[PDB]
């Protein structure tokens, strides 16, 4: 089996200077012709082209080449010593392409997806990101069937042919890697707008959607204009073409793609209106539209040397999107949401069998590395430069990065060196953030003696499958101090008297001396989640109530609440285990009452403070896990909270209905009241399931936007009443024509805690609006089921067998989706023996499939072997 290793990187033997492409689209076949201008770098080496499309011909300077094709590689030994041309002709059947990588059909239109290695599914090429070329693309198609013909860059020519056909030619003058190629052909509607760059140049903006979907694109257009302006104001970065196209597609393996000047978006990240999309959905559009635009500099103008460097573009662009969203509105709440995501989804990755560094040292299938570690831990790593350097220093690094590397394909090391060099500091130890996997664990203890608060901190990083030796890392720990009434206490550190400091841990163990401390203190630690680590410090439950009630930092208050909930769940696990009554949780209930009643808290922040960690967070670090015991303990906690405060959940609901004030459109202010209301709805229906019939009676009146419809449906989704099934059927009927709302229906089907979810899911497979071949549908139904703790982890193994069967089926046509799904089994080694045995059986059955993809094989191997 082939493994690719970062240590084996070598510059290409050949460059491609110019890439001329011609697409002749017919029914059913598209013929692609290329003309490649090739420049030897290591003269005399064989020319090796990657490719998997049907090959019709290959020429070297106009003459039939003497070549061999074996597997997905075409090799020509007989090549000239000077510049030469290669012409390839391939044939593609796009409607047969259910992988959604390469050239494929969707909705009767044609789209491409090339990142990372899809271009080689279109033609034979040197399909690696360090080969940058200047592309010109000609497209010829039936004008009635495909009136819209797009590719990267500037449209330089076009015309009509007398048999009903037409053509266009696009020139993209910026040399680029093949992964950023795109082509679209279709009958699509356009929404036009524009932005004027700070140098005074207009940029024509065009969003292409189905005709029916066009009324839902306006928020995405506004978001793009906001993102363009922000990259100018915050980073000094301007767009570089007079045209920026975005195309929505409903069959897409990921959220969006930054193809130069012609971004391609999953509909879920471009279409919204308040009737059909939730506030969270609007927030997502804003994030993703921003993300793809930000890639124009961080990814496109400066690209990746090789795919091991993916985080160079993705960590940095995620950081950029996070900062954009934060600057738009609600920064602290949005930062907590990001940290919560990281801990819920990336920490388990780093603790599991598929753990990898931010910059992996090897891979078998690169599509298995578009992960939370590369993206979200990647962004934390970027954010640490900002914490260490400040905004001004961070911008000095950015400035040198582009000065050095505009137009090049570079590495994570180059980014680090620009930050270091622009600021005149040594960041050599920081490199370990790219090369060492695993979540660092800090053990800290503190002591006020004399007038010094002495904080001792030790760090360790566990072995991961790829590496045992982990050396000490460069870890910024942001700190303050609270007195007995929870106000800030100043202290002295490196000459400055302040109420906050960043303590830079670089050794395995260090002591920090915060001097001049005149009162009894409790430290506030890792403020703003200043490094992506586990911190253990001995806090009493009273210390936690103090932090929650009084700390000035959002993260540390939220962390105090999270810790109180974790301790409460642990207490419930102990009683349920001893067969005794549940704990009183008197102190937790006191703290929650204070939160509910505090009217100075931001409402979205209140909502977060009332969220209990997920089962996966709760069983982090455990062995021999019975997931249903954790689910039982967590549900008992939520039930206690629901019942104990029932009258107050209704009261907060009413206050939020009043403060929303009939403002049903999306805005950040209205959205935070709604977020709060939806937390209250959930608790009300937990305590009083019969309230579902009152809900039903007044549904139409409550259903004023999709945030409310989703909030209600989410709250009743686990209810055993027949009404729950009736409300869901009514939802499916009401929104049957909106594929993105049908995704929500299937997600409710798959996520329900009712006892009958598995057979409802099986029925849903055959719903007329379900398609297994559509990634959004498959993720919503099957994906949700795979994350549905009581059902996926059912003792009988029915959940495991069902998910295994669907990995097997999906893998036949879309290995990417299948390899993401099969990660539901990642907990295997840590499960109690009965479930573990069943998980291993499911994974052996997957392995035993003939023709199993490399994608799924790589993952299964990591879990099993």
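Numbering follows the first chain given and starts at 1.
In this entry, 93 to 101 has the higher mean Cα B-factor, the comparison being between 93 to 101 and 174 to 182.
Comparing 311 to 319 with 392 to 400, the higher mean C-alpha B-factor in the PDB entry belongs to 392 to 400. Out of 356, 585, 201, 681, the entry records its largest CA B-factor for 585. Residue-level inspection of the entry shows that, of 776, 511, 707, 296, 511 has the top Cα B-factor.
In the deposited entry, the Cα temperature factor of residue 125 sits in the bottom third of values across the chain's modelled residues. Residue 645: CA B factor lies in the highest third for its chain, per the PDB record. Residue 799: CA B factor in the lowest third of modelled residues in this chain (values from the PDB entry).
Among the modelled residues of its chain, residue 763 has a C-alpha B-factor that falls in the lowest third according to the deposited record. Annotation for residue 659: CA B-factor lies in the highest third of the chain's modelled residues.
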